[PDB]
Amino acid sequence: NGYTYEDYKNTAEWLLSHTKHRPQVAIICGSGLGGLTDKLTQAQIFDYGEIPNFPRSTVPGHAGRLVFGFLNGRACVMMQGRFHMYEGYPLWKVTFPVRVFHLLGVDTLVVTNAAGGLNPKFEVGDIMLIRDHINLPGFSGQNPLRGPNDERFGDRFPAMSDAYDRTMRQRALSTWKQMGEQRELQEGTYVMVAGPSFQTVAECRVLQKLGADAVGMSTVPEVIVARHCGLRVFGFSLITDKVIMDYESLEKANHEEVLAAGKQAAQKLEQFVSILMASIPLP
């Protein structure tokens, strides 16, 4: 909605004429993972406010930025600060950047996010390779593809069964081994809820019964739009808290030093994404 094809094109063209960079891979940084932009080399920064047609920031803190550069050698463009539905953005604004990435000539999207753990076996700071998703907003009509289809992007009714690239998953699992980590790289299903409130125990139990392994309030729309455009997609959730799944466990004690360990866990995810650039196929 709201944007014409020309808008997307005008934006891609503007970016293309104001940077010499030509990215192949786009990375969307989740909450706490913005430090990935510091890992880029020969970086060139664009504040959203400079970029024509880019949705204005409505939220506290600085407007986000698009950072171009190389990540372990690979030509990348990186979004720091994503738009969320819960902040009152429509989905067509949330996913505006993904369409622009396509027109930039990007062929791969990496998504990161911070998630609540639903699978009992997960621990705070685990990384979960996303194998699949459940789109709750989507079932009810909040789907970023709603409205007339543009065949210049893709098909009317795109398949999502193969959303998370199988080759990249095999290669993530295989690269993880060489890094010799304490814990295994987890694999499972991300469920999107609109938020912003956190789940009740009842709601946490439904989400488990539905087969979700991790929950958050982002990502899925970007992935749907990415696949519509024929982008290759892989992604990771950093598990930032275990979701409370019983009333007995409302005998709960908080330890505020869970935030130094979380900087370390974010850092591990940032460096794992970085290294995986070696394993993405070239165009």
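The first residue of the sequence shown is number 1, and the count goes up from there.
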Report summary line: Quick note on 242-250 and 41-49: per-entry mean CA temperature factor is higher in 242-250
Query raised in the report: Higher mean Cα B-factor in the deposited model: 256-264 or 271-279?
Result: 256-264
Query raised in the report: Which of these, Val111, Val94, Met160, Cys76, has its C-alpha atom at the highest B-factor, as the entry lists it?
Result: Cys76
Report summary line: Top Cα B-factor in this entry, restricted to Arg146, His133, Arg171, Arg82, sits on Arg82
Query raised in the report: Against its chain's modelled residues, does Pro196's Cα B factor rank lowest, middle or highest third?
Result: lowest
Report summary line: The third of the chain into which the C-alpha temperature factor of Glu123 falls is the highest
Report summary line: Here the Cα B-factor of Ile27, set against its chain, lands in the third termed lowest
Query raised in the report: So where's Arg232 on the chain's Cα temperature factor ranking, which third?
Result: middle
Query - Modelled-residue ranking by C-alpha temperature factor, third containing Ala212 - result: lowest
